[PDB]
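According to the authors' numbering, the residues represented by the sequence shown are -5 to 47, 47A to 47B, 48 to 97, 99 to 159, 160B to 160D, 161 to 242, 244 to 281, 281A to 281D, 282 to 326, in order. Note that the Cβ used here is the ideal one computed from N, Cα and C, for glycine as well.
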Amino acid sequence: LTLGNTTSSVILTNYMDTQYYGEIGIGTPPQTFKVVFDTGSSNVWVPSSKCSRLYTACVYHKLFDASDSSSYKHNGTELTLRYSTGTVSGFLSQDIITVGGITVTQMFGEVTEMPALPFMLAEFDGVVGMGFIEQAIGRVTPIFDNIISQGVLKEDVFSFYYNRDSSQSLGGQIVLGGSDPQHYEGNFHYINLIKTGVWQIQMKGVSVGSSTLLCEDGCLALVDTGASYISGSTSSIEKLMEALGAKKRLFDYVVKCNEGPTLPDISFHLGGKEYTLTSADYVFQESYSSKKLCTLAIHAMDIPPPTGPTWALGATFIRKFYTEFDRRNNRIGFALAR
Ligand SMILES: COCCCOc1cc(C[C@@H](C[C@H](N)[C@@H](O)C[C@H](C(=O)NCC(C)(C)C(N)=O)C(C)C)C(C)C)ccc1OC
Ligand SMILES: *[C@H]1O[C@H](CO)[C@@H](O)[C@H](O)[C@H]1NC(C)=O
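This is the structure in structure tokens:
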């Protein structure tokens, strides 16, 4: 590990508080793509110009065309990426990628099969996995490992800032090689990784209102920058939602809008601190009418072993807590976002 003097930032766009993505350039000349920097996975991929137009998601997104890049290097190994809410398939390719001023030769997947659900609902084109090589499909070296190999980043860490963006403001920000003191206050508090190669930590309990109603025996929390909400197993969530008086729909839970401001606080016991969210933090309070339903930013999601079962702390959590991902010391640090 050779540290340097550099830190780079990528400005992110906030789409309706559910999708946070930035931009990257691939090839020569650069072909730009909107990508989610996802700590939940470790591969980089973008739709390919070889994706059948019968996949409507390929008709609606930017496609990488190897035939227009002079820095492209062929590989072709098949690759299938299975995420908890969708799958993409294609083959491996290599080219130079620019991420916030840093230029790195990276192997990424050219996706040729991209399902309408959920990709037709994606504002982003692709993904830049921020996880460890242990979780990389095909054992492909993750982009951050490749940047760290260059010995330019001041620190072997990267940080996330997600705004409550609502027209002339910064949707979010990723800092490669450190954090931005301008977006958090107080001190960072850390929790060591409960495992090797996954941004997952031990969670001591989850409380709703008065007491620790859930995760009483301890549980796992995966800090997922590529997730819109805080999710837990169906069991946990049914019990949580029971406590909230929320009603279960097909893909989410709602509450009569007038009841929203009434909902209790929900805390997550991580390491030495309690991380508390008020209803305002987890309710999409779009109305105060008892005649309208307001969705909650907390969902049920069952991740299978060996990673799951596990809670996933997504944008709902990150919006309140600036997050630093420390590879050097295998821990995650949270600070109050500002
Ligand atoms: C915060 O805004 C980011 C985008 C949110 O919106 C979407 C997120 C996804 C899923 C994420 C990916 C997940 N965050 C994923 O990383 C979750 C993890 C996962 O499935 N990882 C994949 C691997 C292969 C590592 C695995 N199965 O373990 C789980 C283990 C938590 C995208 C980056 C593809 C799909 C569609 C979306 O909007 C239309
Ligand atoms: C492409 O990539 C892998 C490394 O992930 C390499 O070792 C493999 O042999 C390459 N194959 C081809 C056909 O280029």
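In the DSSP assignment, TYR274 falls within the unbroken alpha helix (DSSP H) covering 271 to 274. Check the Cα spacing between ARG315 and each of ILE140, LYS44, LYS28, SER227: the tightest is with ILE140. Placement of the Cβ of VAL29 at a distance of 6 Å or more from every heavy atom of ligand 2 is found. Short of 8 Å from the beta carbon of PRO24, and not among the five residues preceding or following it, lie these beta carbons of its own chain, in chain order: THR90. Taking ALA212 as the centre and dropping the five residues before and after it, the same chain places the C-beta of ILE192, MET194, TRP299, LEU301 closer than 6 Å to its C-beta, in chain order. Here the region 71 to 88 lies against the region 124 to 132, with 3 or more beta-carbon pairs under 8 Å apart. Taking C-alpha positions only, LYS44 is separated from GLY200 by approximately 52 Å.
Of all C-beta pairs linking the region 150 to 157 to the region 306 to 314, three or more are shorter than 8 Å, placing the two stretches in contact. Of all alpha-carbon atoms in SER2, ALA323, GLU17, the one lying nearest the alpha-carbon of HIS174 is that of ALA323. Note on geometry: alpha-carbon atoms of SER63 and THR97 lie some 9 Å from one another. For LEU6, same chain residues with a beta-carbon under 7 Å away, outside a window of 5 residues either side, are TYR14, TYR15, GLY16, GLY162, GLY163, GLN164, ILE165 in chain order. Counting along the chain, the unbroken beta strand (DSSP E) around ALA288 starts and ends at 286 to 288. Spatial neighbours of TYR280 in its own chain (CB-CB distance under 8 Å, excluding positions within 5 residues in sequence) are listed in chain order as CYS249, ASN250, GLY252, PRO253. Within the model, the alpha-carbon separation for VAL80 versus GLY21 is close to 21 Å. Our two residues, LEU255 and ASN8, have alpha carbons roughly 26 Å apart in a direct line.
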